[PDB]
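*Asks:* Have a look at this one before I ask anything.
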Amino acid sequence: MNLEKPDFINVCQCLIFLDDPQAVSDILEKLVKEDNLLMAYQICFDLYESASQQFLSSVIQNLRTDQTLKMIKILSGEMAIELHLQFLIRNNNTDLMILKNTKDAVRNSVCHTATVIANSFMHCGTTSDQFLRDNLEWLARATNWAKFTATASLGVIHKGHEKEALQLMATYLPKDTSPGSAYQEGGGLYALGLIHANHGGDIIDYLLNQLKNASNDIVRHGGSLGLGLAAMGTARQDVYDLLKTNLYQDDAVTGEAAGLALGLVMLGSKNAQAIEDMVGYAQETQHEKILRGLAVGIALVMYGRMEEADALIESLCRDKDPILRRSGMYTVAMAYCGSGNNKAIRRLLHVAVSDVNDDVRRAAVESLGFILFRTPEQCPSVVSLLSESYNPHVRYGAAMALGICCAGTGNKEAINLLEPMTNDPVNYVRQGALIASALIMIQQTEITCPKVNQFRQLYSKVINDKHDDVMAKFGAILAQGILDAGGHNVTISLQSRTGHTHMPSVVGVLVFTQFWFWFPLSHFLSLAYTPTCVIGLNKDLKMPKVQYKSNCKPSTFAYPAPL
Amino acid sequence: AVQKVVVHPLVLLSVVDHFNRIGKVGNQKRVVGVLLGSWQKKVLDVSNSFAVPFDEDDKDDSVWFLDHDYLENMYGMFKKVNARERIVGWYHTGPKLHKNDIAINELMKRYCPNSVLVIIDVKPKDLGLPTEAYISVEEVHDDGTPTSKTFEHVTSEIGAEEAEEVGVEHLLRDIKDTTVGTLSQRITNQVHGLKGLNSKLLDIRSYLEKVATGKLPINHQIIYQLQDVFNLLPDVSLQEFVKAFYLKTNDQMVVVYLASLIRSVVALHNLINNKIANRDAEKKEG
Amino acid sequence: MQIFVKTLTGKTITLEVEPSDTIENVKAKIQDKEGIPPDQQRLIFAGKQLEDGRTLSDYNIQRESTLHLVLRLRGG
Amino acid sequence: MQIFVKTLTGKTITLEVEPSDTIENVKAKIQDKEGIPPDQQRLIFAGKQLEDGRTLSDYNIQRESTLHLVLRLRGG
Amino acid sequence: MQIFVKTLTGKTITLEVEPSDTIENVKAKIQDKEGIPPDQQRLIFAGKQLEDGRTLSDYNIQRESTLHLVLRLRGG
Amino acid sequence: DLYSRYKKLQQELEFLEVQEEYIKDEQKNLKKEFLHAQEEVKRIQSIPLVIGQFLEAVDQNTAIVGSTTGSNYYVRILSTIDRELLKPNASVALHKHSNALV
Amino acid sequence: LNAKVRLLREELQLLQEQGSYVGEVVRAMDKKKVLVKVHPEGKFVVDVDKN
Amino acid sequence: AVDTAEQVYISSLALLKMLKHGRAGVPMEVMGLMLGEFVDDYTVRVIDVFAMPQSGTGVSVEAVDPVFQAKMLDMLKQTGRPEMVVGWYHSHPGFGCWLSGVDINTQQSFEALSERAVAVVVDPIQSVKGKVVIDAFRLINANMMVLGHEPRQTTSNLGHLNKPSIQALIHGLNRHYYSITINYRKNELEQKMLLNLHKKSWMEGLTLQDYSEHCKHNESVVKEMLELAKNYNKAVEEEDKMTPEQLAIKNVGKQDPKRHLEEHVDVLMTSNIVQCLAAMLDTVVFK
């Protein structure tokens, strides 16, 4: 600041690493005073895209207590949402042929639902219904819990299409068309949850009413996932009360729904009351489902707190009940996210090599990714040797730790290790290796890494074979949708543009891997797709036309797969 | 008379079940039930058991209430299912013998003359065995004091049979230990032994000190004679015994000098082969 | 000492009791004013499963606590 | 000497003790401070499980040392 | 005349009959209501196995009588 | 310049140290697993089994033997028996249930 | 070491297997059927596998 | 509604009871009841088992008289185990584990009377050495199969291990009934009454047996190791300028160093070190 000019770099990095919202609000006001508006706009866009929630709240409150409108709107995110949607809706150009093929090849097993998940991945954010519209006598073949997944899927197609949300959903008349199903009502609230992620906006005060009245079996499951999604990270006490009361009702199917949602709102708050109440209800209960909920719901309460969490860890890690020990491993994962701290590695390896119960060995070795992704060149050096242990669970964990460590970039050694494993005798480890490869190779063309056209064909082999195990082709038909996400226009990364760890992405991809225990959780991956584009602008209101020019390209890179 | 009792796992597990469940009827410190079993010859094998409703009072030992009719009915049904077992005795839990117990014994001794009492300590302890077995006999007591009835200890052991051990071994598969062990299991045993020995020696104090305080009367008749014997029985290092030094060295000239050596020569042989092969494979490609 | 019992039907019912009581007595009071058979009553407190054989003080229950009643539907 | 113990919820508790104190005496002291039944507690230093049959001098728990305590959140 | 039939699973089933009714008529009522073949039902009252040749006026039964039902279980 | 090299040297040193400790631990447990596996394989013939008589050998770890109850069979053989003892005929042992040659 | 223990475990897994009969063929048949003569007694019509 | 991939929790004690009773009447089949609780919408917990009077024969069973069963529940109820029955089990002496056509006719009555009652089957003489052959089943109704509807619902923990046996697959598997996953929830307390218990000692930790029984053992092992060593010397003097691939070529058996030389060393070291250490302890613990 003593230097000649104010700037971004100091105010971008230091004031949010230091968490000094007053200082940034002051320098922002000063930059308004001398009428240098372009700096004051660029700083807002730079800030929103990498500042935490609630930090924005204190900044906006200190500020407002004209330029006010055009700075508040760009500060809360509204036009960033608008612009992103407007990019995806125009650059969409998915190829329907693959869906037509897999649809024709499917037999009437579980793979049916595995189609309608992957479909929603590729048309994500694109607001286009075509594959669910041109045929319907086929989609009506779904029944029971499947109807919950399929009707939830609309929520990931219309991601961010916030403005009209409610009118759209009732436009399907889910409640009026027949009272003969509760699964549709159960799905509706889940879809509203997916559309408004983080932006609880108005809809919190609508869901909070709608959850009050319930055919308590299913409607409360949908409702609590939706409400736990819309309001995440805000620590709002009035919500927490209602989720606690639903949890204490002690019902299996309503268990882990609240078990998660009560964890999302408190995220990172370290709240010393919630931890003691939740761990106290995890002991001395007798339904596994509720434990499989709280196994996640606990860990998210601590986040980046690092050493200031240790005390809970070496308590929770001693418990006899295995689900608690697994949740201990998830907690030591989230505590140190991105931070290559050695002793956490030492613990995770000791557990993975020693413990007697396989699921904690999986969840141990799997979490190595979350604490190493700052240096993806290093992950293969450690996980490689694990990939040959005799018991399958450790192999599955290894494959997924690779998929989650190197996620964004086609690092060659990872593919080099995954190649042999795609033909492991044990079905579910093939299910693992396929999805890991698909994550790690999103948007890669042959010139940028060589192996792609191996894998792009291999899936269509498996999915068309008929002498194979169902779960393998499940993993394949999911990988298709992973590889062509959002009309090729979106990518997965945990690092932010400038070195910050983007929390929604970590949360979404962590809670994705639970697809092992409950299928409708797989949609939670959609939080991780970030658009990958440059927006030309000259005034917030004004996108003027320009042509950029990309040198040193034969023009054979970029948009792939027309053929 | 009996020289030893053999207890099967099934009774132990059923006793744990009883003690956990009893909270469903009314809080109690301990539980009581029948033991069924059989006689081979002076050895007694126990193989089943069942609950019986029982109640007590915490202070007055004159008050308690067992139940005849439930006992007879249930034994009738069990006999209708199988005929080779018969009544043999009874068990209770709680960690220490209660004064009351003899009064119970002289009851159900009527159902079997050689009623033996087994105490099973359900909550854990580190030092050793879980169970104790006792038999009731009168005595000369002294040169001259009234004859009475008390128990004496009889040695006890835990048994097994075909198709009861297989279920146990399956249940215990997750946690396992080396069958023999190679200096990692024998060495631990010695430590455990020293723990037990020190436990007993410390327990002697809690009696002998408080009798020296005069808090309780001297049991002159028995204890002191045995503890004169004890202090008599240790040994001593007396120039003649240390001449059996000539045994340590003869262990070592079988260990050290004739087992280490042929453990190094093998390692040199392996190293030579390794260097040969690795250098050969190097120059072959060059 | 009043205690609030909540049913799955949405009803809250207030029973005055004393700390010396025992769970079967409470279930008897329920059978009194609910009319549901005491054997058909199951009571959960904070996730724990209460036993008919014990005292309130065994579960540290204080004034105005909430207990949840659940029925058994095996008779379908 | 004064020493500190930490627990699951993160509360830090201060105890004044003498080197010849045995672990059951420490249990009695801490239950006097907080009423926890002496069986519901276990204490840890470094990585090894402390056991009752020894004095603090045997482990040489230094002055102001930090201990971890592990417990069920309620006795039932 | 209303009667109660219990079963080993806890299922309870009320039924209305008249003392002129013969036992096989009762087993027929059970069959049609539950859906169970008459061969497979066996009936117990007060510890005596009932028999087809007799009315409920025999065995001096009264209303609100608790009968028990047991299945003809077999294997091979 | 030299500061970055200094720091990176420190980091990679300690990290390979961590790997070293990991490998030692995994060695220690694999040894126990191997011991236990041999223990299981040892108790596969300590059984009151039957006598057959060797008839023919097809290929490695596989043969044809006619049991004394008629009903000529075709079964694997154990991996520890010496091969050069069973050419023309012999008194061989057959598992009671699986008829595996021991 | 890992390879060695894996091999031994697999062998133990394989030894837990059922036996098979040996039979004399008297003639084949059409559409994947054979006529065999099991040793103790019997004259069966059996099906072939895929290999 | 429809079923999914659920589970059965059986207590350790009930497992011991089933094994013991099944093995008792070995030449004939046996059957009994089992008691527990439908704790939620999709797990089932069995706590205890008791037998009943039965007219066994080498291939079938029937229960004799009902009064016994009606009584014993009323007895158990007044000593703190009120649970009603949840299902039944029997045994197959020598065959595979699967349901006969008469077991269907038995089962239909329970299913008609209670919606979820599993049926359990045990094999007492294949469970010989270190494994148990126990399984649990339920029926599938006939007409639903003709309709497009399949038996159940799917979530990813269906497919571990649960490869059906070919022997079972020959009978009505799937076509007539489906298997259910089973696991043994051994809670605390009963854990220790087994682990820390079936094997133990106290004073046995300090015993010497220092007579000839030791020296004779040494003078057997070293004596035979003399010949082992001479063999190895001869077996390495070849020193031919060939390649260790050719060594593997002719390698068949009796690989001296590893095959025998080393285990003798390990045994001798173990025995002598332990003996000397124990003597050195007793020389100080007692006077």
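The numbering of chain H matches Swiss-Prot: 24-310, in order.
Cβ atoms are placed via backbone N, Cα and C, with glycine included.
Per Swiss-Prot, the feature Zn(2+) binding site maps to H:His113, H:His115, H:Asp126. Taken from Swiss-Prot, the feature domain 'MPN' covers H:31-166, and the record attributes it to sequence analysis. If you look up Swiss-Prot, you'll see H:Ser150, H:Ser224 marked as phosphoserine, on the strength of a large-scale study or a structure entry. Residues or ranges marked as phosphothreonine by Swiss-Prot on the basis of a large-scale study or a structure entry: H:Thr266. Annotated motif 'JAMM motif' per Swiss-Prot: H:113-126, in sequence order, evidence recorded as sequence analysis.
Quick one: where do these features end up spatially?
*Replies:* Non-local neighbourhood of H:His113 (Zn(2+) binding site): H:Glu52, H:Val53, H:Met54, H:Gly55, H:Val84, H:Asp126, H:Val143, H:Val144, H:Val145, each in the same chain, at least six residues away, with C-beta under 8 Å from its C-beta.
H:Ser150 (phosphoserine) has a Cβ environment of 19 other Cβ atoms inside 10 Å.
Around H:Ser224 (phosphoserine), there are no C-beta neighbours below 8 angstroms that are at least 6 residues distant in the chain.
A coil conformation is recorded for H:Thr266 (phosphothreonine) in the three-state DSSP classification, outside any helix or strand. Residues near H:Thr266 (phosphothreonine) in space but far in sequence (CB under 8 A, at least 6 apart, same chain): none are found.
If you look at the motif 'JAMM motif' (H:113-126), the same-chain residues 6 or more away from its ends with a CB under 8 A from one of its CBs are 45, 49-55, 81, 83-84, 142-148, 156-158, 160, 188, 190-191, 194-196, 199-200.
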*Asks:* Measure from the CA atom of H:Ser150 (phosphoserine) to the CA atom of H:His115 (Zn(2+) binding site) and give the result in Å, rounded to a whole number.
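*Replies:* That comes out at 12 Å between the alpha carbons.
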*Asks:* Measure from each Cβ of the recorded positions H:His113, H:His115, H:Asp126, H:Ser150, H:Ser224, H:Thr266 to the Cβ atoms of chain E, and list in sequence order the residues where some distance is under 8 Å, or 'none'.
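*Replies:* Near chain E: H:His113, H:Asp126.
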*Asks:* DSSP says what for the motif 'JAMM motif' (H:113-126): how many helix, strand, coil residues?
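*Replies:* The composition, in the requested order, is 3 helix, 2 strand, 9 coil.
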*Asks:* Take the Cβ of H:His115 (Zn(2+) binding site) and count every other Cβ within 10 Å, whichever protein chain it belongs to.
*Replies:* 21
*Asks:* Provide the list of recorded positions among H:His113, H:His115, H:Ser150, H:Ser224, H:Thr266 whose C-beta sits under 8 Å from chain B at the C-beta level, in sequence order; use 'none' for an empty result.
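*Replies:* The recorded positions close to chain B are H:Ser150, H:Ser224.
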*Asks:* How many of the residues that make up the domain 'MPN' (H:31-166) does DSSP mark as helix, as strand and as coil?
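*Replies:* When I sort the residues of the domain 'MPN' (H:31-166) into the three classes, I find 39 helix, 47 strand, 50 coil.
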*Asks:* What is the number of other Cβ atoms found within 10 Å of the Cβ of H:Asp126 (Zn(2+) binding site)?
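*Replies:* 21, counting other Cβ atoms within 10 Å of H:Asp126 (Zn(2+) binding site).
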